[PDB]
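In: Provide a 3D model corresponding to the input given below.
(one chain, ligands or ions: 5)
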Amino acid sequence: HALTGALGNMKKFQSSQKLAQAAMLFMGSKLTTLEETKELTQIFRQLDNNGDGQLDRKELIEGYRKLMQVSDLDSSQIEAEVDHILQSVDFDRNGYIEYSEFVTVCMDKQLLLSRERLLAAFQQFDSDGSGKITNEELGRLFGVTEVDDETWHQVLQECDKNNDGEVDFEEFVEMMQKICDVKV
Ligand SMILES: [Ca+2]
Ligand SMILES: [Ca+2]
Ligand SMILES: [Ca+2]
Ligand SMILES: [Ca+2]
Ligand SMILES: [Mg+2]
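Out: Numbers count the residues shown, from 1 in each chain. Ligands and ions are numbered 1, 2, ... in the order given. Find the structure here:
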């Protein structure tokens, strides 16, 4: 049943613009306690057949096949679910879902998006303490000096309500509320 819930949430999960992406992953990977995530750890271990810290394609396929236990058409439907997971949940594009990629996606967003976690992510990305996150600062998270215009446009359109080209904390929270459909 827990396995049903997490596979469900990985199904639903859709990609987002990069600031929201960097925020969720940072909160999920670094700001959560192992205590808070212990149920997700147990589920992850049930999927991780070879025990190496990451789910590959066969592991995810087996998770669905293990749940139902499967028609030739259910099989191709399962193939479709994993293809989706591997584009959306695999944030680093390495071909596996690491533990903390899995936790980020599968954790209750009401539980993840606490004001403390939001504000800690915020201040980590706002590296000069200016009170607003800029293009350069998003870029730093992805190892580059800036992000391209399309990337930044996507971010601004979602949350730059005052049209100043930067993301302040109030704007950051509203962005994350919309991405996760949650009131913070
Ligand atoms: Ca594995
Ligand atoms: Ca990955
Ligand atoms: Ca700043
Ligand atoms: Ca702004
Ligand atoms: Mg295992």
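
In: quick one: the helices in the chain, in order.
Out: Chain-ordered helices for the chain, with DSSP state H as the definition, fall at 2-12, 18-30, 38-47, 57-68, 72-88, 99-106, 109-112, 115-125, 135-141, 149-159, 169-180.

In: closest one to ligand 1 among those?
Out: In terms of C-beta to the ion, the element of the helices of the chain nearest to ligand 1 is helix 57-68, at 5.1 Å. (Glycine included, C-beta is placed from N, CA and C.)

In: buried stuff in the closest one?
Out: Buried residues in helix 57-68, defined by neighbour count with 16 or more other C-beta atoms under 10 Å: 59-64.

In: re earlier: can you add distance to ligand 2 and give the helices of the chain back as JSON lines?
Out: Rendered in JSON lines, the data for the helices of the chain read as follows (distance: least, C-beta to the ion, whole Å):
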{"stretch": "helix 2-12", "distance to ligand 2": "13"}
{"stretch": "helix 18-30", "distance to ligand 2": "10"}
{"stretch": "helix 38-47", "distance to ligand 2": "13"}
{"stretch": "helix 57-68", "distance to ligand 2": "12"}
{"stretch": "helix 72-88", "distance to ligand 2": "9"}
{"stretch": "helix 99-106", "distance to ligand 2": "5"}
{"stretch": "helix 109-112", "distance to ligand 2": "19"}
{"stretch": "helix 115-125", "distance to ligand 2": "20"}
{"stretch": "helix 135-141", "distance to ligand 2": "16"}
{"stretch": "helix 149-159", "distance to ligand 2": "20"}
{"stretch": "helix 169-180", "distance to ligand 2": "20"}
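
In: looking at those helices, which one is packed in the most?
Out: helix 99-106 (a mean of 22; mean count of other C-beta atoms under 10 Å).

In: for that helix, name the packing helices and strands.
Out: If contacts are counted by 3 or more C-beta pairs under 8 Å, 6 or more residues apart in numbering; DSSP states H and E, helix 99-106 sits against helix 2-12, helix 18-30, helix 38-47.

In: which one of those lies closest to ligand 3?
Out: Distances from ligand 3 to each of the helices and strands packed on helix 99-106 were compared by C-beta to the ion, and the smallest falls on helix 18-30, at 12.4 Å.

In: the closest one close to ligand 4?
Out: No - if you take C-beta under 5 Å from the ion as the test, helix 18-30 misses ligand 4, and the best it gets is 12.0 Å.

In: how far away from the center of its chain is stretch 108-128?
Out: Between the mean C-alpha location of stretch 108-128 and the chain-wide mean there is a distance of 13 Å, by C-alpha atoms, centre = their mean, to the nearest Å.
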